[PDB]
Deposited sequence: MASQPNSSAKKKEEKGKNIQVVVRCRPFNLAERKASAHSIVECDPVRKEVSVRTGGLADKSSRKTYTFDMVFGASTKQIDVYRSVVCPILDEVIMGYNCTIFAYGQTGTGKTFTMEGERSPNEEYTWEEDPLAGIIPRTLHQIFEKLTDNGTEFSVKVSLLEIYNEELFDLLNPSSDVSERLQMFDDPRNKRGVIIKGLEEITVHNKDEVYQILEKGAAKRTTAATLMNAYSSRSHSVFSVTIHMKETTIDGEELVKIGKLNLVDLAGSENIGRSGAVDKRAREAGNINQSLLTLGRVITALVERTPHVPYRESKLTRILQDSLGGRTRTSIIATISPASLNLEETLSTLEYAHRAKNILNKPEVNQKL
């Protein structure tokens, strides 16, 4: 049973300039989201949905991390494979939540930036939790992006972001794949983190100037792999592996093969259709095990609070709510 949560961003300055009204109410306690749907015609009308967790407009980055990620990171350290992906309309906060942003000027260090998202906070915790705990461990990260069914490597040594990756079925996993050419960087300590992310963002910036509407049409896949040593009571040394995939999806409002097959894959699972079209898109092949497989999965549905985005917001809520019916069978590696 996959976890689905909703995060509503606060109004932006443009919306206030236009006197935007709010049509969203979040109730963390009852874990519900209620939408005002009749504007001027019917003031009482509304659509209420129930999710595993709800975060209102005032929710801060650190709140999302403590509530959603902490539990997931524990599962990863326990030797599980987990996936968190953001789904939502362009401009609602997918990237802001998954990666976050850097505060202007010095002001804050990357480890203390209030605006930092899930990726930076997670990599920081991995080193903090595992170091102040003993345990021999090694951390490896990768960041690829899908655009028009083509795969680009943001952490690759080559200076040209357009050099393409390839995908193949993983011989040792019926529902897993191998990314040929992918650069998996070993992160020796937290002091090596920021440089890797900074290089990553730089190559992404170059890619957005190379392809049309890159930022909103692409899918971003960040993966973290942890190898940890365990010694049984008998003195046997073995290695448990934990893996975390942090995915920032293309805008739902929508080169659309992956987003399209994703919806198709979800529908097939909730309706129990015989054949699930995983093979039909680069995205669903990478996430196959996350959708009905052995990976612990959580979805963060992002929405705007404005009356103007009513239709899309309802669409996002409806889509994410169906997703609650997808069942997975988590299994340690």
Check: deposited residues absent from the model (no CA) fall at 1-17, 272-287, 367-369
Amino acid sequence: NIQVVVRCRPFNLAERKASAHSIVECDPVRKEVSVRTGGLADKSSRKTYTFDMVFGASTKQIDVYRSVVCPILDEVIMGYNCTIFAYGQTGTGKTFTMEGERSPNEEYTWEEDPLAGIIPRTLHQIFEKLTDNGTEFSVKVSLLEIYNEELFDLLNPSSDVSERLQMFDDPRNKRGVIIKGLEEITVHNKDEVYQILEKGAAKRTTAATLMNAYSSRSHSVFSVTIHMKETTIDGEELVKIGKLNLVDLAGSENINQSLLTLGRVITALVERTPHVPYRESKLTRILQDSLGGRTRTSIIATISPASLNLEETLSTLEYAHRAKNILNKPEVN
From here on, numbers count along this sequence of modelled residues.
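Whichever C-alpha set is largest while still superposing within 1.5 Å between the two forms counts as the rigid core.
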More shifted region, core-based fit in 7 other deposited structures of this protein, 299-307 vs 275-283 by CA: 275-283
By Cα RMS to this form in 7 other deposited structures of this protein after fitting the core, the stretch ranking higher of 216-224 and 126-134 is 126-134
Do at least a third of the other compared PDB entries leave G235 without coordinates? yes
When the other PDB entries of this protein are compared, is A41 left blank in at least a third of them? yes
So which stretch wins on mean C-alpha B-factor, 224-232 or 74-82? 224-232
Please work out which of 306-314 and 21-29 has the higher mean CA B-factor as recorded in the PDB entry. 21-29
Just the C-alpha B-factor column, please: which of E145, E136, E149, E99 has the biggest number? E136
I'd like to know which of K240, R121, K180, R164 has the highest C-alpha temperature factor in the PDB entry. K240
Going by what the PDB entry lists, where does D248 fall on CA B-factor within its chain: lowest, middle or highest third? lowest
Select lowest, middle or highest to describe the third in which the CA B-factor of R36 falls within its chain in this entry. lowest
Which third of the chain does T50 land in by C-alpha B-factor: lowest, middle or highest? lowest
Within-chain third of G176 by Cα B-factor, per the entry: highest
Comparing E107 with the other modelled residues of its chain, is its CA B-factor in the lowest, middle or highest third? highest
